[PDB]
Amino acid sequence: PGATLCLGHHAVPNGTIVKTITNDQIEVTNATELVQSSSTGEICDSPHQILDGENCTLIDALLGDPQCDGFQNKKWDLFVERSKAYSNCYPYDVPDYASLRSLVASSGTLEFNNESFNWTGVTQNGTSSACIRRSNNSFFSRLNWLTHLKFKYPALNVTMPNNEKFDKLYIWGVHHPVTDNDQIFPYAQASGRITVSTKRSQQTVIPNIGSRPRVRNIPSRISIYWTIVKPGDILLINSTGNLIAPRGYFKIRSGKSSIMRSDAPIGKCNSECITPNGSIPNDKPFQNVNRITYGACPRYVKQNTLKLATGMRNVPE
Amino acid sequence: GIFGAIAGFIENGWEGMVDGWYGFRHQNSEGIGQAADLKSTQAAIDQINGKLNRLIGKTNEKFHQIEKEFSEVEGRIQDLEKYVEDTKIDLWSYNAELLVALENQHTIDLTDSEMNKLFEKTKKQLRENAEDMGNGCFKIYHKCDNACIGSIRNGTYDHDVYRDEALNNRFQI
Amino acid sequence: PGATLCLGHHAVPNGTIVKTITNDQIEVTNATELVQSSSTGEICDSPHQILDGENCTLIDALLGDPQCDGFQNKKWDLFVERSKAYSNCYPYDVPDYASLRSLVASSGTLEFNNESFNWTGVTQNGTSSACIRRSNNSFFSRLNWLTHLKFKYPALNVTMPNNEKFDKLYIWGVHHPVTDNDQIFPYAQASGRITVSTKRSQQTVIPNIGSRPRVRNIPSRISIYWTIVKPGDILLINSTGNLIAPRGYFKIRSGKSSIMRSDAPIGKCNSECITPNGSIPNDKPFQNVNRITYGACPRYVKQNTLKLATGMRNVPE
Amino acid sequence: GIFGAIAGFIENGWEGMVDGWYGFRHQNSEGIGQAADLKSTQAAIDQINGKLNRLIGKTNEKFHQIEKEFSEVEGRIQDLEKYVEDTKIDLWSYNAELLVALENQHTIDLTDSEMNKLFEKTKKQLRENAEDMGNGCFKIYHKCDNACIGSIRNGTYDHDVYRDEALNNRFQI
Amino acid sequence: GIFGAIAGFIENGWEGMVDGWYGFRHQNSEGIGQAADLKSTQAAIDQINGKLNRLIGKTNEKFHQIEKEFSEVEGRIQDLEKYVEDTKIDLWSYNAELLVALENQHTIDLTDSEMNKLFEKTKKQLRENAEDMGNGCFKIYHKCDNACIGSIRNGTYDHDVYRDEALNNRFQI
Amino acid sequence: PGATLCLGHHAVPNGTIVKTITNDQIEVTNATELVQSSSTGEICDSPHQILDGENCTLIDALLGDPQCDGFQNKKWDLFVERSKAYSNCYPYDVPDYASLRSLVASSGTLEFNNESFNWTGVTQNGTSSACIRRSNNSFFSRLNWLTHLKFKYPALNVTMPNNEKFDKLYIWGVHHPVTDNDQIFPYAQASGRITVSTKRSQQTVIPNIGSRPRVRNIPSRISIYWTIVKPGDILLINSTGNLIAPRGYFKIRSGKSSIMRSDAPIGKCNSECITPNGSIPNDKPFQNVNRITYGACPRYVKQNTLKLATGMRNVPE
């Protein structure tokens, strides 16, 4: 009579379909998803230091638009800019706005040290009706609007050296007056000019007399520029009119900091990977949530799903 | 599939085997039973965990990068920024697709291999006492009670004990 | 006596050599080519909308050089620029020519809407001998050359808002006069200036008195600039001389459009993939025809040939 | 090559077999013949078509990109544009080279596998009625006419019918 | 590992075999010896040299590229330059990691395959004159002196010469 | 009695650990390193033509700072810039310094042809105390400092066509005077301007009166620009003051040339692959020495080591 001995393998009633080199649909006993495709919808406030811009762009917090006064000297791993943001100080533009935004974002601090410039031969602290601070005509906190002193305006020539061990970052500007009603009123002459230089660099700017289309009822503009001054180097400001002057310098650091555009709310939770849609887990090697990420994140891919087999071929009974 | 055991000479899997991936079924004087083989099951499982350890929880930190969405038309520089990112995503998407297709082919083949090795090991063990019926089953040409079947599963089966009985059964008329 | 049963496999008299992981030359029974290496030499006019520039660059068709009059308001999936092209209107340059070319190419339309600007205080429609249209001194169709009115030229100040739901694209320019024979003749004063601004942006330009080396016998130049005006925003043109003004705006769209440099002829055929050498088929995953492509195309690689085995190893008899 | 059948224990291929990839040759009382095996042939073919379906007709649409040829010297920005494109082409060229080398190794191995599986299946079928001569051929120790050979090819061969005849031939002196 | 010979049914390697990768050990009337098999050794070696020829000495020339270190803060354009280079390095680093992991899995499997093929070839050669003991060794059921052992290693062993002697030893009581 | 025949494989007492798809630590009999991780520390002077900049930047050798006089007309495959370099002629800046540096580096030659410009109406060959050549006040060898002739300075208008078959490269500049002590002394009037144009291009520059922070005791600056003139085209220099003029043109070539920042010494040896750390061998496909390379080099990867198995699994006795 004897016996029979049969070798065999398991199978399951609920198999999953995977792709292979030779077959786009093979059923295996089990698989796991390699593409992360969902967020909880909130940016977790840990373990990265988050700075919610709220109504303020990075640039507005930098210049010191009064509604951004709470941002003075703050640091961030990630600054979050909201779509609801708006400026509410003097109208301005920044040639190469994107680069200034980027280099501040990456520096990851708004640390500002005040400096005593020898401003004699002008009226400091010019203000306006479009930049309301504490219910009183004001200006950008980090800028110093310079106007005349008694129907006159001589050739300025102020110097300030960098004896520190970090790059100093100087933000400064030009006023472009709406007509000749504010070219003979705050500067006392027909023409103006500004020259901000160093040992290695020189930037010069011409004020522009002309009307602009109103932005919150003001038809004049400021134009914002910047200058980096290294250790051992010096800043010079030659000016014959129109100077929007620095009150000091920002410290520029290097590290892991950045900026992200998102309307997702900030949650009280812990997640290493942030996208504009919210935090996502990072167990999986790939993700299709957003090409924009910050932190230890899965890599962005075009696919919705990629199933890795974790069992043998399923051959049901 | 490449070794020919799973979805080949073994007609199908056993839904009733829930405590292992590979194993044995027998019919003898004392009835019909099933036991899982732990070593072959654990071999397949370790290899798949090896693949998992390479892919799960292994991410890369990135911080400040380039912008990837734009609200204004700008031309040259924006074209390059978009192109760099689109290039990168296509290369990673390619890597992910190929990875899964290759790993999956290999997982299917290694699991088939483990079945085949257990079958082969068992065949050698039986020496002249059994014949391969071609469907993963051996006809054993001697009385082989539960302890005897257990001895084969446990690698303690002594083929000399039964050889005279089996040769006589095998080469009859 | 018995019998003999032999298991075996096929072989062929004409094998092909392929590469493998362990051997750079193994013969298999059959293979297929994965690199596309030939074109028919013609750009198929289907299924993409082709616009042959012929004698015109995109920029000449945009500005409206008389020989490009047939291009007014046309659209394209792919604009083809020919090496034989040349300008035959007023000599000009475009700072960042490449960016303007790119953004128009990508927009994929020359749709132009005329607009009524309040030009009083100047003579409109200036012409010249270098821009012959219909056998008569003319100018760029989309530009309006503005000169004096009776030995005088006051401060212009024209406004035009964008109430539409698309970006408006404004093309405008400066004239740079050859000497003082055309600085006191068309503008009636020593000096000039142009300021084209919006709510968010401002561009200002100084005319330049000076002789240039002749290009089709003319030693003056125009310089071309552009301005994008979004929905809700406004365009302002302050000018005290020298303005080459828009007659209206171009619509800017987004989609699949582009531009390609090629001398290949346009054929009456259907092909998804276009290169500068002509259309190519797209059955194969790779191609070594051209790194420049448009449409559903194989990916460019450095190799001439890559043979994928489609049969077993060939072991001849 | 990895299984050892094609370009291994099978000395060479058959140019005379034009209706299949794998098959049988026999010598018996009624002559010497050849028949193709459709199932193994179709198994190999399906797998290769699977690879083809992944690679043929699967292209990506691209539209406006960056410029890739230049008539003027410009420096920094042009360097970056050229570098991005050269980087991309080298990565794709690498992908194409590796793909072909791996797929080709695997095609050679899977086809060898299909030969090996057919051989193995046939060996089990014959039980104690034949012996492996080591060159892909079996010596069958019984009269096996055309219908009998056909029964082996068709999977209907009943080994018990011939077993007494074969054992007697096998274990003679 | 995928064939089951090396680190499977062969318990371990032989440190005393210094003139080949694969070979034979025997015990017979004349003593206990060892000889390397050159053909299987050379098969494995050629395949690994094939991989080496693809990877060693095959570099790419590059000349003027982009800058990759910077002494000044600049923003947008510098971000893109750094991003392009970081993107590229991650893709190549990925390629190198995957290459080594795959080639290494395949080297281990091909070498196991060569052991398995030699074992299989030797088993067929012995026909009915020996049995597989399950540990890579055959019990040979006939007097097999040094010349006889040499005949098996050299592929000149004539199994008919010993078959009567061996069958008689194999099927005793 | 019979015999026993055992099949087997080798093993070694000194195995090496490798990674695989299924196991991060498997011991094999032998392996080889795929990542090159060491340099000898010297840049081999063969087989690429090396030009050690020593105290000179490429730009200083180009402009012709006296200490760089030995570099005139030299060629290179690779120009090596040293961290110890410094300028010792007139203080200057180059807007888009990086692009000029790059295009000269890539051209791979300093070949300079002198040209006879019709300079009448000015004093040529201006010198200074900050650019000492052969113990005598001098200037940049390839520039020609143009000042007045007898309390006067008329409108210059010099032309020079390119009849050659290569691009000509013209280097030129503006002087920015420290005060009005050197605006009425070398140019004889209140104001100045420079316009360097061609058939296709025009660049114009305004001199800037103002003091800068001293760099080797000089508070004036030059600003350096460049112009490429193709075959069939012409160069024009209109100038009313302040011109730092070319003495001729550089030939611009194309080929394999570049530039590298390194302090590694130059050795008398032969190596195809150069990094800033020194030459490295190129047997291996990958390297972790430096992302900056020149020549036939292994590809840069993040890993320190990658071991490729060259033998079977080691299973010791």
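The first chain written gets the first letter, and so on, giving A, B, C, D, E and F; residue counts start at 1 in each chain.
We adopt the following convention: contacts are C-beta pairs under 8 Å (C-beta built on N, C-alpha and C of every residue); 3 or more make two chains touch, one makes a residue touch a chain.
Peer 1: Can you spot which of E-F, B-F or C-E is a repeat of the A-B interface, where more than half the contact pairs line up?
Peer 2: E-F
Peer 1: Need the CA-centroid distance for the pair subunit B / subunit C, whole Å please.
Peer 2: Inter-chain centre distance comes to 57 Å.
Peer 1: Averaging only over C-alpha atoms, locate the centres of subunit C and subunit D and give their separation in whole Å.
Peer 2: 52
Peer 1: Subunit A to subunit C: how many Å between their CA centres?
Peer 2: Measuring from centre to centre gives 33 Å for this pair.
Peer 1: So which stretches of subunit E touch two or more other chains?
Peer 2: Counting only residues that touch two or more other chains, subunit E contributes 48, 51, 54, 60, 62, 64-65, 76-77, 79-80, 84, 90-92, 101-103, 105-106, 110, 133, 171.
Peer 1: Of all the residues in subunit C, which ones touch at least 2 other chains?
Peer 2: Where subunit C meets two or more other chains at a single residue, that happens at 20-22, 98, 102, 106.
Peer 1: Quick check of your reading of the touch definition: is the inter-chain graph here a line, ring, star, complete or other?
Peer 2: Complete.
Peer 1: Could you list each pair of chains that touch, in label order?
Peer 2: After working through each pair, the chains in contact turn out to be A-B, A-C, A-D, A-E, A-F, B-C, B-D, B-E, B-F, C-D, C-E, C-F, D-E, D-F, E-F.
Peer 1: Where on subunit F is subunit A touching in the complex?
Peer 2: So the residues of subunit F touching subunit A come out as 93, 176, 208, 210-213, 215, 221, 223.
Peer 1: For subunit F, which residues count as touching subunit C in their complex?
Peer 2: The touching residues are 157, 159, 195, 197-202, 204, 233-234, 236, 238.
Peer 1: Sort out for me which residues of subunit B touch subunit A in the complex.
Peer 2: Contacts found on subunit B: 1, 5-7, 10-18, 20-29, 44, 48, 51-52, 55-65, 67-69, 85, 89-90, 92-93, 96-97, 100-105, 107-108, 111-112, 115, 118-119, 122, 130, 133, 135-144, 148-149, 152, 169.
Peer 1: Flag every residue of subunit F that touches subunit B in the complex, lowest number first.
Peer 2: 20-24
Peer 1: Across the complex, what residues on subunit F touch subunit D?
Peer 2: Counting only subunit F, the residues touching subunit D are 96, 98-103, 106, 167, 228, 252.
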